[PDB]
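From first to last, the protein sequence lines are chains B and A. With the entry's author numbering as the guide, the letters of the first sequence map in order to residues 16 to 171. With the entry's author numbering as the guide, the letters of the second sequence map in order to residues 50 to 88. Here a beta-carbon is modelled for each residue, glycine too, at the ideal position from N, C-alpha and C. Inspection log for the structure reproduced underneath, given as structure tokens.
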Amino acid sequence: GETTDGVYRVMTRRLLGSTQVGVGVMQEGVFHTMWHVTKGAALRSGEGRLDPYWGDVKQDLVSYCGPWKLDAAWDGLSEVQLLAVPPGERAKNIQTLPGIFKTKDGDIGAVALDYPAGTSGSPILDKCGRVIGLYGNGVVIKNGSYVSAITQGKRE
Amino acid sequence: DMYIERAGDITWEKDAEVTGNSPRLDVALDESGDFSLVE
Ligand SMILES: CN(C)C(=O)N1CCNCC1
Ligand SMILES: CN(C)C(=O)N1CCNCC1
Numbered sequence: 016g017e018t019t020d021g022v023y024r025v026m027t028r029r030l031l032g033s034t035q036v037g038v039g040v041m042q043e044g045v046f047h048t049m050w051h052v053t054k055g056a057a058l059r060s061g062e063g064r065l066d067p068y069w070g071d072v073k074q075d076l077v078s079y080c081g082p083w084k085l086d087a088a089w090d091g092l093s094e095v096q097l098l099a100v101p102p103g104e105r106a107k108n109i110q111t112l113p114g115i116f117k118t119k120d121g122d123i124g125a126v127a128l129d130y131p132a133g134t135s136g137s138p139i140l141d142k143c144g145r146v147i148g149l150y151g152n153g154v155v156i157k158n159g160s161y162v163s164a165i166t167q168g169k170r171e
Numbered sequence: 050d051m052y053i054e055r056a057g058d059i060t061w062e063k064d065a066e067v068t069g070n071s072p073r074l075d076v077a078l079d080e081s082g083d084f085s086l087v088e
């Protein structure tokens, strides 16, 4: 099926009508999304099938057709773009300066942007167009505002 | 069965909408992949 690089919607027919449950990135023949979007299940691309290859619930990431290919990282200084793909709506670039998730195991960039649940897996980009992580695993803070980690995997 | 549909090219767009703040938050990540706020 479709193996062209780019951002994709992840859809299901299990619920009422056609529902968008998330988003992902096709790069170098590998499809990358968040684990909570597919739960590790196989995907369809037209008449073709994508099988999971690697996955980890704690990182909340999964890759299909090959190993994780996304290795760019947020530089800790510059603004980034969330390439948001909301349900039933056009892809839209949103520029923002990331905040920080401070953890006992190190610091992670975070984006304070709020989109419907089905937007999980939308890529976050650097000034070169490189994917530095995926949007959709985060927290709700004091004023009811959602903050997502910039979640990135490791390229072996 | 779940399926994928192309939605766009991955590129940086000049003069995109600029919004969102930059909070610094102390968080914990559990074995289930759920983040939670630590205070
Ligand atoms: C994972 N994710 C993007 C969500 O579940 N959200 C954020 C808070 N508003 C509702 C939708
Ligand atoms: C439309 N949008 C991105 C939001 O829901 N925002 C507003 C400004 N930053 C926090 C959340």
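- Put simply, of B/130, B/136, B/153 and B/24 the residue whose alpha carbon is nearest the alpha carbon of residue 124 of chain B is B/153.
- DSSP, reduced to helix, strand and coil, places residue 69 of chain B within a strand of the structure shown.
- Taking a C-beta cut-off of 7 Å against chain A, the contacting residues of the segment 90-107 of chain B are 96, 98, 100 and 106, listed in chain order.
- Runs of the alpha helix (DSSP H) lying entirely within the segment 25-83 of chain B, each at least 4 residues long, are 50-53 in chain order.
- Counting along the chain, the unbroken beta strand (DSSP E) around residue 111 of chain B starts and ends at 107-111.
- According to the DSSP assignment, residue 149 of chain B belongs to the beta strand (DSSP E) that extends over 146-149.
- In its chain, beyond the 5 residues on either side, 86 have a beta carbon closer than 7 Å to the beta carbon of residue 74 of chain A.
- Shown here for residue 35 of chain B: same chain residues with a beta carbon closer than 6 Å to its own, the five before and five after excluded, namely 24, 26, 102 and 133 in chain order.
- Leaving aside the five residues that flank residue 170 of chain B on each side, the residues in its chain whose CB is nearer than 8 Å to its CB run, in chain order, 82, 83, 84, 85 and 86.
- Burial of residue 138 of chain B is indicated by the presence of at least 16 other C-beta atoms within 10 angstroms of its C-beta.
- Distances from the CB of residue 124 of chain B to the heavy atoms of ligand 2 are all 6 Å or more.
- In the DSSP assignment, residue 164 of chain B falls within the beta strand (DSSP E) that extends over 161-164.
- Interface with chain B (7 Å Cβ-Cβ cutoff): residue 88 of chain A is excluded.
- Annotation: residue 19 of chain B to residue 88 of chain A spans about 44 Å, alpha carbon to alpha carbon.
- Short note on residue 65 of chain A: C-beta not closer than 6 Å to any heavy atom of ligand 2.
- For residue 151 of chain B, no CB of chain A lies under 7 Å from its own CB, so it is not counted at the interface with that chain.
- Checking the 6 Å criterion, the Cβ of residue 99 of chain B is out of range of every heavy atom belonging to ligand 1.
- In the DSSP assignment, residue 118 of chain B falls within the beta strand (DSSP E) that extends over 114-118.
- The residue from B/32, B/168 and B/80 with its alpha-carbon nearest to that of residue 68 of chain B is B/80.
- The Cβ of residue 77 of chain B sits no closer than 7 Å to any Cβ of chain A.
- Taking a 10 Å sphere around the C-beta of residue 64 of chain A, we find fewer than 16 other C-beta atoms and assign the residue as exposed.
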